[PDB]
>>> print(open('work-v2.cif').read())   # mmCIF, C-alpha atoms
data_structure
#
loop_
_atom_site.group_PDB
_atom_site.id
_atom_site.type_symbol
_atom_site.label_atom_id
_atom_site.label_comp_id
_atom_site.auth_asym_id
_atom_site.auth_seq_id
_atom_site.Cartn_x
_atom_site.Cartn_y
_atom_site.Cartn_z
ATOM 1 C CA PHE A 117 -48.492 40.629 36.736
ATOM 2 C CA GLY A 118 -49.487 39.447 40.216
ATOM 3 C CA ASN A 119 -49.571 35.816 41.338
ATOM 4 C CA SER A 120 -46.769 35.062 38.828
ATOM 5 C CA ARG A 121 -49.272 35.314 35.983
ATOM 6 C CA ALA A 122 -46.647 36.316 33.395
ATOM 7 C CA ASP A 123 -43.552 34.709 34.947
ATOM 8 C CA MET A 124 -42.206 32.093 32.550
ATOM 9 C CA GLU A 125 -39.059 30.168 31.650
ATOM 10 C CA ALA A 126 -38.351 27.883 28.690
ATOM 11 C CA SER A 127 -35.332 26.092 27.246
ATOM 12 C CA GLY A 128 -34.675 23.998 24.162
ATOM 13 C CA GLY A 129 -31.857 22.257 22.365
ATOM 14 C CA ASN A 130 -31.240 20.386 19.131
ATOM 15 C CA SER A 131 -27.995 18.676 18.127
ATOM 16 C CA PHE A 132 -26.858 16.606 15.161
ATOM 17 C CA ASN A 133 -23.414 15.298 14.201
ATOM 18 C CA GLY A 134 -22.897 12.857 11.335
ATOM 19 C CA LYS A 135 -19.680 11.751 9.677
ATOM 20 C CA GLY A 136 -18.347 9.071 7.370
ATOM 21 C CA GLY A 137 -15.407 7.966 5.306
ATOM 22 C CA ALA A 138 -13.690 5.220 3.333
ATOM 23 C CA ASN A 139 -10.238 4.385 2.025
ATOM 24 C CA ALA A 140 -8.538 1.688 -0.022
ATOM 25 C CA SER A 141 -4.954 0.924 -0.971
ATOM 26 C CA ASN A 142 -2.888 -1.760 -2.657
ATOM 27 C CA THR A 143 0.798 -2.308 -3.362
ATOM 28 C CA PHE A 144 2.618 -4.871 -5.477
ATOM 29 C CA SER A 145 6.339 -5.358 -6.055
ATOM 30 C CA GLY A 146 8.099 -8.036 -8.059
ATOM 31 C CA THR A 147 9.441 -9.225 -11.388
ATOM 32 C CA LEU A 148 7.933 -11.798 -13.748
ATOM 33 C CA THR A 149 8.862 -12.997 -17.233
ATOM 34 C CA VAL A 150 5.840 -13.432 -19.507
ATOM 35 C CA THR A 151 5.364 -14.668 -23.081
ATOM 36 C CA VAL A 152 3.694 -13.013 -26.068
ATOM 37 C CA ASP A 153 0.729 -15.086 -27.237
ATOM 38 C CA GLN A 154 -0.804 -12.633 -29.734
ATOM 39 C CA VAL A 155 0.196 -9.672 -31.905
ATOM 40 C CA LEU A 156 -2.618 -7.191 -32.480
ATOM 41 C CA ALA A 157 -3.426 -5.238 -35.639
ATOM 42 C CA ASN A 158 -1.507 -2.172 -34.411
ATOM 43 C CA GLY A 159 1.532 -4.177 -33.276
ATOM 44 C CA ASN A 160 0.627 -4.295 -29.583
ATOM 45 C CA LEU A 161 1.477 -7.598 -27.915
ATOM 46 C CA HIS A 162 -0.806 -9.652 -25.699
ATOM 47 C CA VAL A 163 1.308 -11.167 -22.921
ATOM 48 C CA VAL A 164 0.577 -13.914 -20.385
ATOM 49 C CA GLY A 165 2.834 -15.378 -17.721
ATOM 50 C CA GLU A 166 2.856 -17.577 -14.643
ATOM 51 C CA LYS A 167 5.398 -18.286 -11.906
ATOM 52 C CA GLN A 168 4.914 -21.193 -9.494
ATOM 53 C CA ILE A 169 7.078 -21.406 -6.347
ATOM 54 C CA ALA A 170 6.867 -24.225 -3.768
ATOM 55 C CA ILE A 171 8.809 -23.604 -0.489
ATOM 56 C CA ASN A 172 8.446 -26.376 2.158
ATOM 57 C CA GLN A 173 4.711 -26.645 2.826
ATOM 58 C CA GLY A 174 2.740 -24.956 0.066
ATOM 59 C CA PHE B 117 -47.813 23.966 27.836
ATOM 60 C CA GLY B 118 -48.973 23.101 31.358
ATOM 61 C CA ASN B 119 -48.590 19.694 32.998
ATOM 62 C CA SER B 120 -45.449 19.114 30.872
ATOM 63 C CA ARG B 121 -47.641 18.544 27.822
ATOM 64 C CA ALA B 122 -44.948 19.636 25.342
ATOM 65 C CA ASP B 123 -41.820 18.816 27.369
ATOM 66 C CA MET B 124 -39.819 16.182 25.510
ATOM 67 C CA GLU B 125 -36.325 14.734 25.173
ATOM 68 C CA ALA B 126 -34.944 12.235 22.657
ATOM 69 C CA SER B 127 -31.538 10.824 21.754
ATOM 70 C CA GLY B 128 -30.223 8.486 19.083
ATOM 71 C CA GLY B 129 -26.986 7.042 17.806
ATOM 72 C CA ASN B 130 -25.731 4.894 14.951
ATOM 73 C CA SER B 131 -22.164 3.661 14.488
ATOM 74 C CA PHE B 132 -20.395 1.445 11.969
ATOM 75 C CA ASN B 133 -16.702 0.644 11.506
ATOM 76 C CA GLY B 134 -15.493 -2.028 9.090
ATOM 77 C CA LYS B 135 -11.981 -2.764 7.889
ATOM 78 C CA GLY B 136 -9.992 -5.452 6.128
ATOM 79 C CA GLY B 137 -6.708 -6.290 4.504
ATOM 80 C CA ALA B 138 -4.369 -8.931 3.113
ATOM 81 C CA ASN B 139 -0.707 -9.315 2.238
ATOM 82 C CA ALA B 140 1.615 -11.921 0.765
ATOM 83 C CA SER B 141 5.357 -12.166 0.244
ATOM 84 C CA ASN B 142 7.998 -14.647 -0.845
ATOM 85 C CA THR B 143 11.778 -14.630 -1.150
ATOM 86 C CA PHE B 144 14.205 -17.094 -2.699
ATOM 87 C CA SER B 145 17.995 -16.994 -2.886
ATOM 88 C CA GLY B 146 20.370 -19.566 -4.314
ATOM 89 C CA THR B 147 22.235 -20.934 -7.305
ATOM 90 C CA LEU B 148 21.425 -24.021 -9.372
ATOM 91 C CA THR B 149 22.905 -25.492 -12.549
ATOM 92 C CA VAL B 150 20.255 -26.747 -14.977
ATOM 93 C CA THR B 151 20.372 -28.511 -18.353
ATOM 94 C CA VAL B 152 18.788 -27.585 -21.682
ATOM 95 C CA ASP B 153 16.339 -30.281 -22.772
ATOM 96 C CA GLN B 154 14.707 -28.489 -25.727
ATOM 97 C CA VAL B 155 15.445 -25.713 -28.224
ATOM 98 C CA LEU B 156 12.346 -23.862 -29.396
ATOM 99 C CA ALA B 157 11.579 -22.518 -32.867
ATOM 100 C CA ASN B 158 12.834 -19.028 -31.955
ATOM 101 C CA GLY B 159 16.016 -20.301 -30.283
ATOM 102 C CA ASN B 160 14.750 -20.084 -26.703
ATOM 103 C CA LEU B 161 15.938 -22.936 -24.496
ATOM 104 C CA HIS B 162 13.791 -25.045 -22.197
ATOM 105 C CA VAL B 163 15.811 -25.783 -19.057
ATOM 106 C CA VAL B 164 15.264 -28.255 -16.209
ATOM 107 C CA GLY B 165 17.427 -28.933 -13.178
ATOM 108 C CA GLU B 166 17.473 -30.666 -9.816
ATOM 109 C CA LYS B 167 19.786 -30.549 -6.800
ATOM 110 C CA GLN B 168 19.521 -33.150 -4.030
ATOM 111 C CA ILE B 169 21.339 -32.561 -0.718
ATOM 112 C CA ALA B 170 21.310 -35.005 2.227
ATOM 113 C CA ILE B 171 22.762 -33.623 5.527
ATOM 114 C CA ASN B 172 22.568 -36.039 8.518
ATOM 115 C CA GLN B 173 18.875 -36.867 8.904
ATOM 116 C CA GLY B 174 16.966 -35.931 5.768
#
>>> encode(input="work-v2.cif", output="structure tokens")
Amino acid sequence: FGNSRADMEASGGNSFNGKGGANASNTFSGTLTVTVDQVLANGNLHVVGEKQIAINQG
Amino acid sequence: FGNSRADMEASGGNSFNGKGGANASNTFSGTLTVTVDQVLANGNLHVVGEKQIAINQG
């Protein structure tokens, strides 16, 4: 053990941090009058409708 | 392990942040008297109307 033959010192480190995420949203509010353009075999009604508003510059 | 033969140190990073959105709105308030210009086969009435106001400079 003389002459620092067995003296030793070591250190080590390892680090990892990952993360992730996502999100989506949508809202819609209004009222629209549509018209029936087809009646299906079970009585369900296909409906289509369009509202066009022009206010000033569009 | 002498002469720093195995000593090492590394670092790394990766980042990403995306986002997006949209929104639309419209309001309309008023009163208008229109005229029936057609009666459909089911009794529904096609209506058209126009109001013209001139105040000072337009």
>>> interface_residues(input="work-v2.cif", of="chain A", to="chain B", cutoff="12 Å", atoms="all atoms listed in the file", output="ChimeraX atom specification")
/A:124-147,151,167-172,174
>>> atom_distance(input="work-v2.cif", atom1="atom CA of residue 173 of chain A", atom2="atom CA of residue 152 of chain B")
28.3 Å
>>> atom_distance(input="work-v2.cif", atom1="atom CA of residue 154 of chain A", atom2="atom CA of residue 163 of chain B")
23.7 Å
>>> atom_distance(input="work-v2.cif", atom1="atom CA of residue 148 of chain A", atom2="atom CA of residue 164 of chain A")
10.1 Å
>>> residues_around(input="work-v2.cif", residues="residue 162 of chain A", least_positions_apart="3", cutoff="12 Å", atoms="only C-alpha atoms", output="PyMOL selection string")
chain A and resi 150-159+165
